[PDB]
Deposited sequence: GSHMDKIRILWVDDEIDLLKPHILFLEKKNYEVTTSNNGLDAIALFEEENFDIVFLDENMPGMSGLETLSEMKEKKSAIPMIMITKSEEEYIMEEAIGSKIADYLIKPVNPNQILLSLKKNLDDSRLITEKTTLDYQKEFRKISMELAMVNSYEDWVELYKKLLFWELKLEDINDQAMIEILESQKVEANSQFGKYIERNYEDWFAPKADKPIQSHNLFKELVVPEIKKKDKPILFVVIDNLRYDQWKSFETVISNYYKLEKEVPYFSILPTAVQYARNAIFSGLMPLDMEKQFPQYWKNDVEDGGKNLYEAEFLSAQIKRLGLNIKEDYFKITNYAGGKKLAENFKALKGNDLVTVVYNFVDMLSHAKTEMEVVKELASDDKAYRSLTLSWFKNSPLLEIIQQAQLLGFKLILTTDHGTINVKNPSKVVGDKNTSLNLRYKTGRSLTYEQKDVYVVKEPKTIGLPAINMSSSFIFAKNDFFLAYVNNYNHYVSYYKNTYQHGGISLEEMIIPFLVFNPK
């Protein structure tokens, strides 16, 4: 099959050089001098692409385009004209032109547009497949060399890059290679954390930015600037990948000023991590200073019901007299309400919004076959997340903030991992446990006998902490088989994994 081109121009007899060029390139060009002939050609015959002049005696190119797009919206249409008017350019771009070439045109420029608009998807597939084949060995090498949290952040960035690049690939072999590297990554990372996590709490020992540090170190800078109002959003349970899946969407509204990967504290759970962000204190300290607000695992009810109170305290503790408000979105109506009334929040210097949909979506796979099919693999989960955010009430809140000229700070508390392998436990989050009579496979988990060392509560001195590594889910020995069937291939958090601990901090200035 040769590519069939329909070229419409009043002076088409003058462009025969170009036609002869495309001819040798095995491109078949049918010509027309009027739009009406072209529509007739377009309706009768099945073309792959269409070239149109704008200034044509009779129907204009744009008029002809509109008619044709009504009939066959899939066919790419390129404009080749002498018109240099900015306004004509804009009308055609808005008419969803595939390219606009100003005459006189280099024949190879038309070839560029033909390749770009007809073979791009294949070229990307080909390039991606080849470029990875020349990188995966190097990826393996780098992973075995990793020795720092900064090196872990860089390698995660690389892994994420290739993950989303290989979702436009067909070669399963390369995908299995990448999955293998991601597995080895978590394996090595968990050992790294198992070896370094405690020492990070030694005074002055070089530690990354963590949950309890986030506000004072990263947000408080932005507020001191006193240049703009700030919307500080916390999307619960957002994996780095998921952010990357909707980064282009956010771009349509917000320019990224700053991105800092930061490490969630253990356990990587809402109860501990999020409260830490809002308090600027570690869970243990929150237990000490705010027993009225803190809630241990044993305690019933919500565990993050007093985030606003912790936060207001931190702002007061940091001696900032500012206007601040706090919203915790837990459902559609709540988010839609806040979106339609965000206007009222103009006066505030700071607006903090907590959003919980993705955590809810993540856990839904455990309970819904619908979400099972919609989030079969990470790619699917990314695609599902993108569908959400593109139609999310949160985006309406973000769009509203942009209109009000608010600076946007997007962050999370932790991520989630698709657990695949069961680990037996006797004595929750299925990735972390605390208690006295704890039985565990120690090769499978990171044990902290003295929790107060890692800034965690300890009901008793006996009490300790266990954190599942890699893709392990802690399964109680009672009803082991049932635990395994129900939680296998489900998103669980609270443990140590790249997906869970390394999460994004993002600052955006309004466009």
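- Residues 1-4, 432-436 of the deposited sequence have no C-alpha coordinates in the model.
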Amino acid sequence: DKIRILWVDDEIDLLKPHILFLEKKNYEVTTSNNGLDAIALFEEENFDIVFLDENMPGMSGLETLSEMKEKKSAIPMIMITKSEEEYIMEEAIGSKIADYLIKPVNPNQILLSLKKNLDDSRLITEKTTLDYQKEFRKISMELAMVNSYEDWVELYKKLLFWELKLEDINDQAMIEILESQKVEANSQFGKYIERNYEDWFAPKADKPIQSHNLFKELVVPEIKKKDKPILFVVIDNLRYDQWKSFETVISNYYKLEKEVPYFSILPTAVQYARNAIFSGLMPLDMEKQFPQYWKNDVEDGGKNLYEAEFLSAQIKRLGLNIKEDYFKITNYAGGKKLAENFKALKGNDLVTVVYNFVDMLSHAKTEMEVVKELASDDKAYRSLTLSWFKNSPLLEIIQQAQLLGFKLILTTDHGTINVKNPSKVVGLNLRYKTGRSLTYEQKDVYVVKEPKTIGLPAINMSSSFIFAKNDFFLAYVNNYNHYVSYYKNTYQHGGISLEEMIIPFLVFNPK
From here on, numbers count along this sequence of modelled residues.
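- As the entry records it, the average C-alpha temperature factor is higher for 459-467, out of 459-467 and 479-487.
- Higher mean CA temperature factor between 50-58 and 440-448: 440-448, per the PDB entry.
- Looking at 119, 85, 135, 184, the one whose CA carries the top B-factor in the deposited record is 85.
- Note on 131, 194, 369, 91: the highest value goes to 194, judged by CA B factor as recorded.
- In the deposited entry, the Cα temperature factor of residue 421 sits in the middle third of values across the chain's modelled residues.
- Ranked by Cα temperature factor within the chain, residue 172 sits in the highest third according to the deposited record.
- In the deposited entry, the Cα temperature factor of residue 239 places it in the lowest third of its chain's modelled residues.
- In this PDB entry, the Cα temperature factor of residue 66 sits in the middle third of its chain's modelled residues.
- Residue 151: CA B factor lies in the middle third for its chain, per the PDB record.
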